[PDB]
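Written out below as structure tokens is the structure these notes cover.
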Amino acid sequence: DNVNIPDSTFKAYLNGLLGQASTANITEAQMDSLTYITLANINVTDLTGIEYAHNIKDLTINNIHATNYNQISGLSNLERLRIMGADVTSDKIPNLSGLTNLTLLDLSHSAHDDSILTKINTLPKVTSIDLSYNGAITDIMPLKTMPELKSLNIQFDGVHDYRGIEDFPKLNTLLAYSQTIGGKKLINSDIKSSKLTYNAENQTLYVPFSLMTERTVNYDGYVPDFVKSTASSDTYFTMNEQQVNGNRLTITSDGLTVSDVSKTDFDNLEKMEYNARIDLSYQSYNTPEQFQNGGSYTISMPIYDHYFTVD
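Structural data, given as structure tokens:
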């Protein structure tokens with residue numbers, strides 16, 4: 197009965213909880229007496245020995261720069277779990293399907309991508325998940341399979357499509373304010389110059405919004421318009437890596453129109469970027485029934501970012 201804890205910070209911490217000198221030894225029972233571990237902005241490179249904390253209910257990990265978090269997967273009595281950290285990419289978290297008593301999962305403020313879902317969407321007791329501030333998460337439908345999920349926070353992510361949200365059995369709270377579609381996982385289309393419309397006489401370039409294939413869609417098919425404002429806090433249009441002047445632009449629902457464009461400018465066109473707010477006010481859209489009794493459904497005010505190459 198002596199637990200091997202190779203990381204000196206880690207072990208210093210545990211000794212701490214047990215009221216013991218930094219480098220003191222720790223036995224199989226002392227590990228078993230813990231009820232929580234909180235490692236916060238301390239550098240712990242290696243979590244070896246956490247596996248012996250069988251009775252921990254709570255484990256908060258913030259910014260420890262571990263190479264992975266592999267050793268938490270067996271902590272079957274865990275109730276709440278937080279892992280946060282700008283360096284926490286999705287490969288570092290193993291499968292959590294073994295965390296069968298876990299009621300609360302919070303992987304916020306990290307470097308997460310879509311692959312994180314398949315590791316967390318079998319969790320049987322988890323009623324809330326926080327994946328907010330993970331910019332490169334763009335689709336939450338794989339969590340429809342979770343039996344017990346009531347609340348999901350994806351604030352500040354890149355989610356674009358809410359069709360299928362009613363397949364979630366128990367989700368009564370969706371917090372999705374201020375998504376930036378294409379902010380971390382970038383969106384690019386390769387298009388022929390024929391998809392566009394040039395007019396010789398008026399020297400106008402027209403880009404149809406049928407090209408913005410990743411524009412917000414509410415569960416019910418509603419497709420909110422882009423904002424009409426030409427101010428650079430609202431729209432940011434780019435030709436050949438150059439932001440067009442706000443005044444050169446006209447925005448309808450169907451498209452964007454640039455004045456002062458010669459056939460010369462038109463032939464000499466390789467690159468575009470449409471980066472604008474989508475006019476999606478809290479009161480401007482319907483909310484599904486399951487969120488209507490005390491629930492919340494906020495998909496308000498997203499931002500769209502789409503890069504193009506022209507042929």
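According to the working numbering, the sequence shown is numbered sequentially starting from 197. Note that CB positions come from ideal geometry on N, CA and C, so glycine has one too.
For residue i, three-class secondary structure by DSSP
| i | result |
| --- | --- |
| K346 | coil |
| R276 | strand |
| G270 | coil |
| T448 | coil |
| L213 | helix |
| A208 | helix |
| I383 | coil |
| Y265 | coil |
| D507 | coil |
| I361 | helix |
| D461 | helix |
| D302 | strand |
| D309 | strand |
| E437 | coil |
| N489 | coil |
| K388 | coil |
| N291 | coil |
| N471 | strand |
Whole-angstrom distance between residue j and residue i, CA atom to CA atom
| i | j | result |
| --- | --- | --- |
| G490 | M408 | 34 Å |
| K459 | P365 | 55 Å |
| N384 | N330 | 20 Å |
| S324 | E275 | 12 Å |
| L327 | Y248 | 28 Å |
| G245 | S306 | 24 Å |
| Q226 | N200 | 12 Å |
| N441 | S347 | 42 Å |
| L382 | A220 | 49 Å |
| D353 | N273 | 30 Å |
Buried versus exposed, by CB contacts within 10 Å (16 or more), residue i
| i | result |
| --- | --- |
| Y418 | exposed |
| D501 | buried |
| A262 | buried |
| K207 | buried |
| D203 | buried |
| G378 | buried |
Expected contact under 8 Å - CB spacing of residue i and residue j to nearest Å
| i | j | result |
| --- | --- | --- |
| residue 137 | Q375 | In this structure the chain extends from 197 to 507, so residue 137 is not present and cannot be described. |
| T494 | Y373 | 5 Å |
| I252 | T234 | About 10 Å separates the two Cβ atoms, so there is no contact after all. |
| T256 | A236 | 7 Å |
| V457 | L401 | 4 Å |
| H356 | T412 | 6 Å |
| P404 | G451 | 5 Å |
Cβ-heavy atom distance, residue i to the ligand GTP, below 6 Å
| i | result |
| --- | --- |
| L319 | The model on display carries no ligand, and the ligand GTP is accordingly not part of it. |
Problem set entry | Whole runs of the alpha helix (DSSP H) within the stretch 311–345, excluding any shorter than 4 residues | With a minimum length of 4 residues, no continuous alpha helix (DSSP H) run stays inside the stretch 311–345.
Problem set entry | Segments assigned beta strand (DSSP E), at least 3 residues, entirely inside the stretch 395–432 | Correct list: 400–404.
Problem set entry | Length-filtered (4 minimum) alpha helix (DSSP H) runs lying within the stretch 217–257 | Counting whole runs of 4 or more residues, the stretch 217–257 contains the alpha helix (DSSP H) stretches 224–229.
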